[PDB]
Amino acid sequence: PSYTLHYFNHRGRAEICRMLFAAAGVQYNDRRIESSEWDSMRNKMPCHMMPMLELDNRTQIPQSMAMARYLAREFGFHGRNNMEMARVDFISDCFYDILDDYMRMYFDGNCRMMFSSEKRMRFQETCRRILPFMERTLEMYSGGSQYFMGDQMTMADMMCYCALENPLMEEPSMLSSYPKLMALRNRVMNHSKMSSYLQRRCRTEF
C-alpha cells in the first residue's frame, strides 16, 4: 500500500505516525505543509483537519491517535488481543492528553499560533495527574525494566517518547522522579530503526 502523512513542519501530533513508519521500516510521503498554504485551502477541502493520514492516494483519515492506532495494527506495534489493545490504548491516550494540553498553550483549534499562565497550569496539573500513574503502570510488566507491553515495543512507548520531547526542552528536570519513564524513553530512542530516524530528523521547535 501507499502512505501520505499530511501535517505542518512540526513533530506535534503527527510524530507518533512518523516513529511508527520508522520502526516498521515503511516508506511514506512525509508531507510538511506551510501554514498559510494549508489555511488558504481550508474551505475547499472535504477534510481539513490536521494531521491527516492518506491511504493509497484515496482514503483520508484525520485524528492523530486514530491514525496511529491504524499504523500500529498494520505494522504490529499494537496489542495482539482485545485486552492488550486496551492497555496500549489507555497508556497512549494518557500521553496524548499531556501532549494535547501542551499544544493548547501555544496553538488554537484552527492551528494558529497563540504567541496564558492558566493554560500552563492546566498543562502542569495534567502532568502531575498522569505521569505517576504511568510510572506505576509501566511497573506492571517486567518490573517496568522493559516496555509497557513487556519485551515488545508498541505505540505506547513511542507516545511516551514523542509526547514529552517539548515538555522536556522546556523543563529538562520534569521526569527526575519518574526513573522508569526516563529509562524507557532512552530505551525507545536507542531501539533498532529508531536511533537513526531520530538523529537524522529535521530540527523543529514543535
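The first residue of the shown sequence is 1; numbering continues from there.
Missing deposited residues between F115 and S116: 4 to 9, all without coordinates in the entry.
As the entry records it, the average C-alpha temperature factor is higher for 140-148, out of 60-68 and 140-148. Just going by the entry, 106-114 versus 81-89 on mean CA temperature factor gives the higher value to 106-114. Residue set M155, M174, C162, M52: peak C-alpha B-factor at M174 (per PDB entry). Of the candidates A23, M189, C17, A183, the one whose C-alpha carries the top B factor in the deposited record is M189. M121: CA B factor in the highest third of modelled residues in this chain (values from the PDB entry).
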